[PDB]
Structure formats: structure tokens, C-alpha cells
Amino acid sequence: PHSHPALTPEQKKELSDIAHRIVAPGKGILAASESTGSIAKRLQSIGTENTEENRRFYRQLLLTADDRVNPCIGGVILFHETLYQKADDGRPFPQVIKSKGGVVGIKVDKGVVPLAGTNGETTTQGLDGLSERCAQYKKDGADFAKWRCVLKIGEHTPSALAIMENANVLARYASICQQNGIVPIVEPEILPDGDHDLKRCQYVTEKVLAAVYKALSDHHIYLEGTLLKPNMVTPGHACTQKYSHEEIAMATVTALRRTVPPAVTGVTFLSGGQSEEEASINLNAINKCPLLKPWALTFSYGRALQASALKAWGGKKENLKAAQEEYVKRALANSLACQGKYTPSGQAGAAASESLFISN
């Protein structure tokens, strides 16, 4: 019943200002923080060797696209390695990102680990020494961070334990981040795996988010200085029943309205395996949903922003321009989508229509 201010007014201002810049009108997040083991798969899909140089080159390709992406990208999430790499001109990637008006983010979790006594459920690790890491990342140009928790819909999942534990660790992560001037993006991803329908996903999403915000309250988290990265509400990837984009949007906005406090600065949806087009179309339908939405509704896409790019690159340096052009195209589309002004013109490409879903 007693207040022991976790943050000073100055600290709150800094956090709030950062969170708002990232999701400013028409802007979204480029999630390019895939680890080596994670990106290696994406590189093998185009027969490109997974080396430090190739990774550096590919990230440079994305980060140095022409100025058309500047008004589209409010922030860029990088993996530790990339945060300390430099472009061909010697400029550190964080400087490159900032010079284009983007905020630099860093992935800080150390992956998922199994929860004993559950049916294949997990929690996420990475709290050890997090305070010092955040302090160092802040000095090196980072202003926000990302931490991913993973839940799955099944007959007995997500369990009470899985929900409680993941919500609690997210809260710990957010607390430490805010003590170091780092805006935490809270990511409680509910996988699309399974044959459940739209209402089932909506039910689970509402229960999970309710648990997430109660935990953030218990841990004294400054919501205005945070961002939420949830899954859109959609039927399972194996569901038979079909739904329109308007139905996905309505189910998504309703779940959020029923659980996310207005104080939360913004919601940055993960693409979760959806195709580049689908992710853009759904984000657009969401922003056009005829319900009051007190928070920015935009993107934090990884796969949905890189599909066509990776394919256009093919590991060949000579395809630089071609690849970048594909990325710019998706950034412009999503920038319009997070404003509810996106209308596919029909020239997205076969790559932009292919499912980016990966079984878990």
C-alpha cells in the first residue's frame, strides 16, 4: 500500500519519449535480431553460407536501403553481434540506423527453456546480469529491447503455470530495462500452431494479456514506457474454418481493448509466419476496425519484411539493389497499413504471397 518510486519523473519522460518515437504515426519496427542459429536457416534457403561476413552484409543491405524507408521505420531490433558490426563505410550499424531517423533496439533474452511437469511448455531465460548488459547497450546506442516468451494452444495449454511464469519473467525483464533507460517491448507470443479456431485464439489471447498486465502492475512497470508485441488473433494454422481479414481485425482489436490499458504507448504486432501480403493486409484491417483503439497499432515484423528481400539477394552481391528494393516495398506497404491506408496493387510478387509459417 506504499509507493517507492521505481522511476523519477525524468526517467519516465525519457522512456515515454522513446516509446512514442518508435511507434510515431506511419512508423513500425524492423525486427532483424535473428540469432546465428536462427538466421542460418534463412541463409540456407538461398544457398548462402552462414558466415559473419554474410550476416553483416545482409544486415547492411536492410539497414542502408534508400531514404524512402525513413518515415516507415521507427525502430530496428538487432542481435548482439550486429550491434557491434559496421557498414562498408566504417559506420557502426547503430549510427547508420540513427542517421535514418530510427531508434536502435537490442534482443536481450537468452532463449526458451522447458518447464518441467508441463506438456512441452517453456519459459524464457536471460535475467542474469541483465542490468549491466542493459547499461552497456544503452551506452552503445540502444534505446529499447525485446524479450520473447512463447506459449502454445493445445488441449491442456497454455497451462496456468506457463501463463503465470511467462508473465512474471516478462515483468522482471521490463523492470530491469526501465531502470537502465531502455524501453522494453513485452512479447508474449501465442503460437498459431494447431487447428483451433478464431474464437479460441481470442479467448487465450485475452487470458494471457490479462495475466501479463497484472504481472506488470505487480512489478511496478511504467506502461507508458513500454510497448506490447502480441500475436494478432487468428485461427490456428491448421484450422478448417476460414475467416475474412475484417473478422481477424475485429477479434484482434476486441481482445486488446479488453486487456491492454490505454497507458500502453503502442502495440507492435509480430507477423508470426504470415506471408508479407497477409501481414500487411491484416494490419491494415486492424487499423480500419470501427472500434476505439487508444494505442498505436503497428508492426514489428521480421519475416514479413524480409521474405522477398532474402530471395532477391540470393547471397549475390550484384543483387544488392534488387534485394533492397523488395524490402523498401514491404516497408512502404506496412507504413500505409499501420495507418489503414493500404490497398495491395497486385504486384507484390509470388514471394510476398508465400506462407512464412514454420512448425514448432
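Sequential numbering from 1, following the sequence displayed.
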Hey, which bit's got the bigger mean C-alpha B factor in the entry, 231-239 or 254-262? 231-239
Comparing mean C-alpha B factor in the record for 208-216 and 275-283, the higher one is 275-283
From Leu292, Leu297, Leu30, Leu310, residue of greatest CA B-factor: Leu310
Ranking every modelled residue in this chain by its Cα temperature factor as given in the entry, which third contains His80? middle
Pull the Cα B-factor of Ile18 out of the PDB entry and bin it into the chain's lowest, middle or highest third. lowest
Third assignment of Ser244 from its chain's C-alpha B-factors: highest
According to the PDB entry, is the CA B factor of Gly111 in the bottom, middle or top third of its chain, that is, lowest, middle or highest? lowest
Tertile call for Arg148 (CA temperature factor, within chain, third-based) is the lowest
